[PDB]
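Asker: Need coordinates for the below:
(chains A, B, C, D, E, F and G, ligands or ions: 12)
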Amino acid sequence: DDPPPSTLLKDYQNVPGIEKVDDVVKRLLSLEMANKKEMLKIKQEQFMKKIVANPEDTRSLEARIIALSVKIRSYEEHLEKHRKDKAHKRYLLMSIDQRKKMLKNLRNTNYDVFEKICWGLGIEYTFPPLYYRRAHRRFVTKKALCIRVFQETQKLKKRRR
Amino acid sequence: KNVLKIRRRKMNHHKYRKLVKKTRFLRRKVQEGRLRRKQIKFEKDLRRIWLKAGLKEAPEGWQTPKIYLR
Amino acid sequence: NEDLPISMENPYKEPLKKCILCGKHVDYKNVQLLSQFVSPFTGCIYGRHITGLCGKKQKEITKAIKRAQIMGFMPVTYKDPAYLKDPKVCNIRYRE
Amino acid sequence: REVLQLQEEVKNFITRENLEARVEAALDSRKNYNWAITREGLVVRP
Amino acid sequence: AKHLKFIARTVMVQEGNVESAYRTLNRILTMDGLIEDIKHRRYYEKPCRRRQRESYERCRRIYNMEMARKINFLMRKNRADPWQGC
Amino acid sequence: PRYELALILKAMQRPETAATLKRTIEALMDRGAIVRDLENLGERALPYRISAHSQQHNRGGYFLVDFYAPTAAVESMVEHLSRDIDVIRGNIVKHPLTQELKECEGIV
RNA sequence: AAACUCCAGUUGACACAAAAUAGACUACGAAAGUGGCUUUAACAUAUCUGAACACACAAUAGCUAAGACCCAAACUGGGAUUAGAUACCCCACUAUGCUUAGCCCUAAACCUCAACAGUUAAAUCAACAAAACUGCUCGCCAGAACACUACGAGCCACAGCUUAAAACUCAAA
Ligand SMILES: NC(=O)c1ccc[n+]([C@@H]2O[C@H](COP(=O)([O-])OP(=O)(O)OC[C@H]3O[C@@H](n4cnc5c(N)ncnc54)[C@H](O)[C@@H]3O)[C@@H](O)[C@H]2O)c1
Ligand code: FES
Ligand SMILES: [Mg+2]
Ligand SMILES: [Mg+2]
Ligand SMILES: [Mg+2]
Ligand SMILES: [Mg+2]
Ligand SMILES: [Mg+2]
Ligand SMILES: [Mg+2]
Ligand SMILES: [Mg+2]
Ligand SMILES: [Mg+2]
Ligand SMILES: [Mg+2]
Ligand SMILES: [Mg+2]
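Answerer: Numbering: from 1, shown residues only, chains lettered A, B, ... in the order given. Ligands and ions are numbered 1, 2, ... in the order given. Structure data below:
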């Protein structure tokens, strides 16, 4: 879910006395009257507070994963509307690849933080396929038949025994 | 650069394109027959599979699709 | 020995030259300024070899002129006659 | 300082109450954005 | 078509000197590039040919300017021989 | 963000111009805008003849409306200006002051 | 010469087309490409390398459907020329160039320079191109032609694209 539009900008959230200003100033300094990048910054800060142990450290692998996850969500939201944007499709796919690489590094280095990142961001880590080969019509049909024939043989052997 | 190789490529391609135009009707029949034989070979491979497995016929509900007919 | 030269940046270094519009804001609504960089007879935008502007301000003036022309602030096919008696800042002479 | 400047600035914004008066005042006013430059790099105001 | 008339590309005549005004108009139209535009627009110029032409003209202008600068720099030495004989 | 609406209105008498300006600002506010200031650049001859709403215009009144609005408002407001019959031409730009004036050291 | 004379000139109204001048700028993007105005989204990665086939893309031309049609224009007609001229020149007019949704997957797709890191010391260095090299990785190459071919395989492609031989021949290329 997006932060409420009434939320203050990241840059005006700690200035002393921000609660004693007029409603007009509050609107002027909120997410309602800003571009989407400020909303993404607030999302990033929220995720950093929720997940990482030290939210001030932005150079850590977890922080980079959070930032790229927010960027990926932005790209997906863009592409729902812009179906023919090939450049942004490329950017989304490349960002997904980079996040998978960082997740692999995190899993190999810090499993607890890896689990926290996976739960907090709703990411499902998957292992890459072992072989990259075309699944053409002949192979697909043959594999389906082979699975069917194995099932039939299993049924026949169960009947026999 | 050698322009003669580019010229020879031009001549060979132009000569090739003339042949396919001349024998176009013959080629289509040959390709259709080849695709028929291809489909038959694929079906025989599938039949060999279920025959070796032990089943006397194909698995119930299985029908070998035509994966080479346009 | 004290007389040896000492490492130092050139103190006589002359300031880099600046274009006439350096540091000044170019607005599409300032048609008076924009009209100083177009041909009086055709309204065509002068090149930098004529205006003498740097690349950044040349681009700024070009964009402002196009914006003003399309938004209904500036004429396209001529310079507005109200600005024909402004200071001449372009190095072009028609021997007119 | 940003917030303080904006606070003192909002006091002169057009609300639904002063819309008529502000529109009339603007109709009784003129703003000029025109100014030219000289060969010496000096601004000459209209 | 939608602009005011008799302002663009318009020249006034001085003391009935029609020829001088016409030649000034020709000078203006040539200096603003309009004559070249009209002549070039009679037939379509392919984008590749246009790019090649502009590249050639830019490089020719640069080369000519550099050669002229070189000759103007070496023209200073061109004077009467001060050590004639030796 | 902060936007500037450049408005070229029909050359009208004072009451109609006032009504049109009030209507435009009311549309801005209805679309969630906070209007900062309204500036009158004056009535002047148009640079060229403009055809709008089956009418030809050679003179017009130039106005500027500075405001803060959500990004979704702009498109909506544009449509509104397309329907207003007293508006010869309306354009919403990003406010020029919001653009940063980067400083230059001169020609290299 | 044909063609038009519902022709031509001034004025006014008037695009689903392509975008003078700026640009003598050399910018953006992975490349292809990108040069009228505004706004909204928006240009991955805080080691590097890493694929004909995996995942995404890819000028022009071309194929399906619907739409728009000013101009241009393969084809197709007419006029003229020519020994012949169904080419070149003139006139008219299509597919196509445009939009939408799908395909096709090719270019002198070239800076004819593979990606990252480093050096300017050496004998600089076959030549020319574009100063000479080093470390590391991937891809590729082992005489010419047969051959951007045959067969096999894959492919929304069916006169198509990718991958890609051998036999005969030669002393060269
Ligand atoms: N073939 C595989 O699926 C596979 C799996 C793991 C690693 N690799 C590595 O990739 C390199 C290329 O292997 P190859 O010569 O046998 O492939 P190849 O070029 O000869 O093609 C055979 C198959 O491997 C795939 N392939 C090709 N290059 C690949 C790559 N870099 N990574 C993954 N798949 C690739 C192709 O899709 C194809 O289906 C090798 O170094 C190999 O160790 C390949
Ligand atoms: S020289 Fe500084 S802006 Fe032009
Ligand atoms: Mg890589
Ligand atoms: Mg390989
Ligand atoms: Mg390829
Ligand atoms: Mg294509
Ligand atoms: Mg047509
Ligand atoms: Mg090239
Ligand atoms: Mg590589
Ligand atoms: Mg080919
Ligand atoms: Mg074959
Ligand atoms: Mg082939």
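
Asker: can you tell me if stretch C:55-62 touches chain E.
Answerer: No: Stretch C:55-62 does not reach chain E (CB under 8 Å from any CB of the partner chain); its nearest approach is 15.7 Å. Where C-beta positions appear, they are placed from N, C-alpha and C, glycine not excepted.

Asker: and the biggest helix by length in chain B, what does it pack onto?
Answerer: Counting by DSSP state H, the longest helix found in chain B is helix B:24-53. If you count contacts as 3 or more CB pairs under 8 Å, 6 or more residues apart in numbering or on different chains; DSSP states H and E, helix B:24-53 packs onto helix A:137-160.

Asker: Now do the helix it packs on: everything it contacts.
Answerer: With contact meaning CB atoms under 8 Å, 6 or more residues apart in numbering or on different chains, helix A:137-160 is reached by B:42, B:45-46, B:49-50, B:53-55, B:59-60, B:62, B:64-65, B:67.

Asker: cutoff 7 Å now
Answerer: Under the criterion CB atoms under 7 Å, 6 or more residues apart in numbering or on different chains, residues B:42, B:46, B:49-50, B:53-55, B:59, B:62, B:65, B:67 lie in contact with helix A:137-160.

Asker: Quick one, which of those are buried?
Answerer: The neighbour count (16 or more other CB atoms under 10 Å in any protein chain shown) marks B:42, B:46, B:49-50, B:53, B:55, B:59, B:62 as buried among these.

Asker: from those, which single one is nearest residue C:38?
Answerer: Nearest to residue C:38 among the buried ones among the contacts of helix A:137-160, counting by CB to CB, is residue B:42 at 73.5 Å.

Asker: who in chain C is up against chain D?
Answerer: C:20-21, C:27, C:29-33, C:36, C:86-87, C:89 (CB under 7 Å from any CB of the partner chain).

Asker: now with 6 Å?
Answerer: C:20, C:29-30, C:32-33, C:86-87, C:89 (CB under 6 Å from any CB of the partner chain).

Asker: can you redo the residues you listed as a markdown table with secondary structure and neighbour count?
Answerer: Below are the residues of chain C next to chain D laid out as a markdown table (DSSP: H, G, I helix; E, B strand; the rest coil; neighbours: other CB atoms under 10 Å in any protein chain shown):
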| residue | secondary structure | neighbour count |
| --- | --- | --- |
| C:20 | coil | 18 |
| C:29 | coil | 24 |
| C:30 | coil | 20 |
| C:32 | helix | 20 |
| C:33 | helix | 25 |
| C:86 | coil | 18 |
| C:87 | coil | 12 |
| C:89 | coil | 21 |
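
Asker: Show me which of those residues is closest to residue A:3.
Answerer: For the residues of chain C next to chain D, the nearest to residue A:3 is residue C:29 (36.7 Å; CB to CB).

Asker: Find the nearest non-adjacent residue to the spatially most central residue of chain E, please.
Answerer: Centroid check for chain E by CA atoms, centre = their mean gives residue E:31 as the closest residue, at 6.4 Å. The shortest distance from residue E:31 to any non-neighbouring residue, by CB to CB, 6 or more residues apart in numbering or on different chains, is to residue C:94 (6.4 Å).
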